[PDB]
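>>> sequence first, structure after, both from an experimental entry:
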Amino acid sequence: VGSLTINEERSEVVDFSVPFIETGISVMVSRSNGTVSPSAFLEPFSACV
Amino acid sequence: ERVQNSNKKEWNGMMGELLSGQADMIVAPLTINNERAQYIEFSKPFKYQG
């Protein structure tokens, strides 16, 4: 009843039931502080006027 | 759906077709309930969704 998935070499040896929950493989990172926006948002927009 | 012929209940659609042998493999974006799983073997759920 442990929280384990299968690969192809598990499934020949072990015999799962229907999967009750779904999960996947992720990575974990942390936050940054701020974003890039080089003072040019309306600069091509207002250039039309 | 319940057929009106003294208490017969028949699967319709593809479920009727596979149960009558007209189809052999059913690839479809179909969810899995207990009702279809009462009679029909299901594979592993490929595309998880909500």
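Yep, it's here. Numbers count the residues shown, from 1 in each chain, chains lettered A, B, ... in the order given.

>>> going forward, measure contacts and count neighbours with C-alpha atoms only.
Fine.

>>> need the residue closest to the centroid of the chain.
This is for chain A. residue A:26 (5.8 Å; C-alpha atoms, centre = their mean).

>>> hmm, I had chain B in mind actually
residue B:15 (3.6 Å).

>>> tell me who's in contact with that one.
Applying C-alpha atoms under 8 Å, 6 or more residues apart in numbering or on different chains, one finds that residue B:15 lies in contact with residue B:36.

>>> is it true that it lies in a helix?
Yes. Checked against DSSP: H, G, I helix; E, B strand; the rest coil, residue B:15 lies within a helix.

>>> what values do phi and psi take at residue B:9?
Backbone dihedrals for residue B:9, given as degrees, to the nearest 10, come out at phi -130, psi 120.

>>> how many residues are close by the spatially closest residue to it that is not a sequence neighbour?
Distances taken as C-alpha to C-alpha, 6 or more residues apart in numbering or on different chains place residue B:2 nearest to residue B:9, at 4.2 Å, with adjacent residues excluded. Per other C-alpha atoms under 10 Å in any protein chain shown, the neighbour tally for residue B:2 reads 10.

>>> correct me, but residue B:2 touches residue B:12?
No. With contact defined as C-alpha atoms under 8 Å, residue B:2 does not count as touching residue B:12 (10.1 Å).

>>> what do these two both touch?
In contact with both residue B:2 and residue B:12: no residue, using C-alpha under 8 Å, 6+ apart.

>>> burial of residue 37, as a residue count?
Using chain A here. So residue A:37, with other C-alpha under 10 Å, has 7 neighbours.

>>> my question was about chain B, not that one.
10.

>>> how about residue B:24, what does it touch?
Taking C-alpha under 8 Å, 6+ apart as the test, what residue B:24 contacts is residue B:18.

>>> and the residue nearest to the centre of chain B, how far from residue B:38?
The gap separating residue B:15 from residue B:38 is 12 Å, by C-alpha to C-alpha, to the nearest Å.

>>> for residue B:3, same thing?
From residue B:3 over to residue B:38 the distance is 19 Å, taken as C-alpha to C-alpha.
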